[PDB]
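Student: Have a look at this one.
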Amino acid sequence: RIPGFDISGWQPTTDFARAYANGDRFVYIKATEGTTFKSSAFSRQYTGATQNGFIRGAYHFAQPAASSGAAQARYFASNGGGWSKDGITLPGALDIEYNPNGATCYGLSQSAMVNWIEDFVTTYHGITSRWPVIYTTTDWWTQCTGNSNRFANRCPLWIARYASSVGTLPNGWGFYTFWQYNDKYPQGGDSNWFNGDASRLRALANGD
């Protein structure tokens, strides 16, 4: 396993030299939400990661009732979720989880939610060349997608569960790619494991 972490504009402070000294090797950084929100911290964070030897990616907080999946993939890819084959850029991640402003599944049916996610990931791949990572929880995914297996053979899984073991994965995935295992990164943020060695992390960044 390889350690890493994730941050958003909630975290005032990230010393990436200190993080690299801690042994962390990758970081995900919030870029966008919906079609209107761009994190004001993203550029400082993504630059700091770059300058201090990190493999890094961006994530998008999905708002499935607000606009299409395609519109949000375009907004994300234009505002921090772009990719390049430099060995240090992770594919962008779709953070698709509990509605932070209301009912957990955003008022969508399960099949409508699957279609929304499909629209996001197909659009993101058409723009960037990469299938996005999907960040979710097994319980949200079960309730809101009907535990769909539709994305597992394209989209690496970033599963969240703050427990001593990863627990049951959503349908279709044989393994996690990333596991968010606490919300207690020492400098602020969440802690992740990558399920593989350095060669495999580089292959995920390279897309091959």
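Residue numbers start at 1 in each chain; chains themselves are named A, B, ... in the order of the structure tokens; ligands are numbered from 1 in the order shown.
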Taking 5 positions as the minimum chain separation for residues in the same chain, which residues sit within 8 Å of range 45-60 of chain A when counting only C-alpha atoms? Answer as a ChimeraX atom specification.
Tutor: /A:14-17,20,25-34,76,80-81,87-95,205
Student: Those residues with N, CA, C and O atoms, as a short mmCIF file (atom, residue, chain, number, x, y, z; two decimals), in the first residue's frame please?
Tutor:
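The new file selection.cif reads:
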data_model
loop_
_atom_site.label_atom_id
_atom_site.label_comp_id
_atom_site.auth_asym_id
_atom_site.auth_seq_id
_atom_site.Cartn_x
_atom_site.Cartn_y
_atom_site.Cartn_z
N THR A 14 -1.42 23.43 4.15
CA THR A 14 -0.81 22.17 3.78
C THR A 14 0.64 22.42 3.39
O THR A 14 0.92 23.08 2.40
N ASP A 15 1.55 21.92 4.21
CA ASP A 15 3.00 21.96 3.94
C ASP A 15 3.37 20.67 3.23
O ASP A 15 3.42 19.60 3.85
N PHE A 16 3.50 20.74 1.92
CA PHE A 16 3.71 19.51 1.14
C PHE A 16 5.10 18.90 1.32
O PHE A 16 5.26 17.71 1.17
N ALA A 17 6.11 19.73 1.66
CA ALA A 17 7.41 19.14 1.99
C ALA A 17 7.26 18.25 3.25
O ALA A 17 7.81 17.13 3.29
N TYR A 20 5.46 15.06 2.28
CA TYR A 20 6.32 14.09 1.60
C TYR A 20 7.24 13.41 2.65
O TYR A 20 7.46 12.18 2.59
N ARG A 25 2.53 10.15 -0.73
CA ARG A 25 3.03 10.19 -2.10
C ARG A 25 2.00 10.69 -3.11
O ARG A 25 2.37 11.02 -4.24
N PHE A 26 0.72 10.73 -2.72
CA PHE A 26 -0.30 11.26 -3.62
C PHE A 26 -1.28 12.10 -2.80
O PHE A 26 -1.43 11.91 -1.60
N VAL A 27 -1.96 12.98 -3.53
CA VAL A 27 -2.98 13.84 -2.92
C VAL A 27 -4.07 14.10 -3.96
O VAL A 27 -3.78 14.36 -5.12
N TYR A 28 -5.31 14.07 -3.49
CA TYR A 28 -6.47 14.56 -4.24
C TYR A 28 -6.93 15.88 -3.64
O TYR A 28 -6.96 16.05 -2.43
N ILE A 29 -7.32 16.80 -4.53
CA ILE A 29 -7.57 18.19 -4.17
C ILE A 29 -8.91 18.61 -4.76
O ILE A 29 -9.14 18.45 -5.96
N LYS A 30 -9.80 19.17 -3.94
CA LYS A 30 -11.10 19.58 -4.48
C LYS A 30 -10.92 20.70 -5.49
O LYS A 30 -10.29 21.74 -5.19
N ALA A 31 -11.52 20.53 -6.67
CA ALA A 31 -11.52 21.57 -7.70
C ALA A 31 -12.88 22.24 -7.77
O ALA A 31 -12.93 23.51 -7.73
N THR A 32 -13.95 21.49 -8.01
CA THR A 32 -15.23 22.04 -8.41
C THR A 32 -16.37 21.36 -7.69
O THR A 32 -16.24 20.24 -7.15
N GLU A 33 -17.53 22.02 -7.75
CA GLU A 33 -18.79 21.46 -7.29
C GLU A 33 -19.90 22.03 -8.16
O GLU A 33 -19.91 23.24 -8.46
N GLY A 34 -20.81 21.17 -8.60
CA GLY A 34 -21.84 21.66 -9.49
C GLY A 34 -21.27 22.28 -10.75
O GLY A 34 -20.32 21.79 -11.31
N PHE A 76 -15.75 20.62 -14.55
CA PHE A 76 -14.61 20.04 -13.83
C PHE A 76 -13.35 20.00 -14.69
O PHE A 76 -12.28 20.46 -14.27
N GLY A 80 -9.71 22.44 -13.35
CA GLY A 80 -8.79 21.75 -12.46
C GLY A 80 -8.70 20.26 -12.68
O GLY A 80 -7.71 19.65 -12.26
N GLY A 81 -9.73 19.69 -13.31
CA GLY A 81 -9.78 18.26 -13.57
C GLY A 81 -9.13 17.83 -14.87
O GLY A 81 -9.25 16.65 -15.26
N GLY A 87 3.04 11.43 -15.75
CA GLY A 87 3.39 10.49 -14.68
C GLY A 87 3.03 10.97 -13.31
O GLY A 87 3.21 10.20 -12.37
N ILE A 88 2.49 12.20 -13.18
CA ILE A 88 2.21 12.73 -11.86
C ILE A 88 0.77 13.24 -11.74
O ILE A 88 0.43 13.82 -10.72
N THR A 89 -0.07 13.01 -12.76
CA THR A 89 -1.44 13.50 -12.73
C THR A 89 -2.38 12.32 -12.68
O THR A 89 -2.47 11.51 -13.60
N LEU A 90 -3.10 12.20 -11.56
CA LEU A 90 -4.12 11.18 -11.45
C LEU A 90 -5.33 11.57 -12.29
O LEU A 90 -5.63 12.76 -12.47
N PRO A 91 -6.10 10.58 -12.78
CA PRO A 91 -7.38 10.91 -13.38
C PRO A 91 -8.25 11.61 -12.33
O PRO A 91 -8.21 11.30 -11.14
N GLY A 92 -9.07 12.56 -12.79
CA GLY A 92 -9.96 13.25 -11.87
C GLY A 92 -10.94 12.26 -11.23
O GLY A 92 -11.29 11.22 -11.81
N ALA A 93 -11.40 12.64 -10.03
CA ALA A 93 -12.35 11.83 -9.29
C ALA A 93 -13.71 12.52 -9.20
O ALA A 93 -13.82 13.73 -8.93
N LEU A 94 -14.76 11.71 -9.40
CA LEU A 94 -16.14 12.10 -9.19
C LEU A 94 -16.51 11.73 -7.74
O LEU A 94 -16.59 10.54 -7.41
N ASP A 95 -16.75 12.75 -6.91
CA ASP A 95 -17.18 12.55 -5.52
C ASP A 95 -18.71 12.57 -5.54
O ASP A 95 -19.34 13.65 -5.65
N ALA A 205 -1.51 6.99 -12.94
CA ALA A 205 -1.29 8.35 -13.41
C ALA A 205 -1.12 8.38 -14.94
O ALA A 205 -1.64 9.28 -15.61
#
Student: Which residues of range 13-123 of chain A have any atom within 8 Å of an atom in range 137-141 of chain A when counting only C-alpha atoms, and what is the closest pair of atoms for each, with the distance in Å to one decimal? Order the rows by chain and rising number and write it as a Markdown table.
Tutor:
| residue | atom | partner | partner_atom | distance |
| --- | --- | --- | --- | --- |
| A:97 | CA | A:140 | CA | 6.2 |
| A:98 | CA | A:140 | CA | 6.5 |
| A:104 | CA | A:140 | CA | 7.8 |
| A:105 | CA | A:140 | CA | 8.0 |
Student: If we count only C-alpha atoms and set the cut-off at 7 Å, which residues sit around residue 9 in chain A, ignoring sequence neighbours fewer than 3 positions away in its own chain? Please answer as a VMD selection string.
Tutor: chain A and resid 12 39 to 41
Student: Restricting the calculation to only C-alpha atoms, which member of A:38, A:4, A:130, A:86 is positioned closest to residue 22 in chain A?
Tutor: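 For residue 22 in chain A, the nearest of the given residues is A:4.
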Student: Can you work out the spacing between CA of residue 68 in chain A and CA of residue 101 in chain A in Å, to one decimal?
Tutor: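 These two atoms are separated by 17.9 Å.
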Student: For the strand (DSSP E or B) assignment from backbone DSSP, which residues of range 19-135 of chain A qualify? Please present them as a VMD selection string.
Tutor: chain A and resid 26 to 33 37 to 38 55 to 61 89 93 to 95 133 to 135
Student: Choose the residue, out of A:131, A:185, A:179, A:193, that has the smallest atom-to-atom separation from residue 11 in chain A; count only C-alpha atoms.
Tutor: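 Between A:131, A:185, A:179, A:193, the residue approaching residue 11 in chain A most closely is A:185.
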Student: Write out, as JSON lines, each residue of range 128-174 of chain A that has an atom at most 10 Å from range 189-192 of chain A, together with the closest pair of atoms and their distance in Å to one decimal, counting only C-alpha atoms, rows going by chain and rising number.
Tutor:
{"residue": "A:158", "atom": "CA", "partner": "A:192", "partner_atom": "CA", "distance": 8.9}
{"residue": "A:159", "atom": "CA", "partner": "A:192", "partner_atom": "CA", "distance": 9.4}
{"residue": "A:160", "atom": "CA", "partner": "A:192", "partner_atom": "CA", "distance": 8.8}
{"residue": "A:162", "atom": "CA", "partner": "A:191", "partner_atom": "CA", "distance": 9.5}
Student: Please identify the helix (DSSP H, G or I) residues within range 31-121 of chain A (assignment by DSSP from backbone atoms) and present them as a PyMOL selection string.
Tutor: chain A and resi 42-51+69-78+110-121
Student: One decimal, in Å: what's the spacing between CA of residue 70 in chain A and CA of residue 120 in chain A?
Tutor: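 Interatomic distance, CA of residue 70 in chain A to CA of residue 120 in chain A: 4.9 Å.
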Student: Between CA of residue 201 in chain A and CA of residue 134 in chain A, what is the distance, to one decimal in Å?
Tutor: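 These atoms are spaced 16.2 Å apart.
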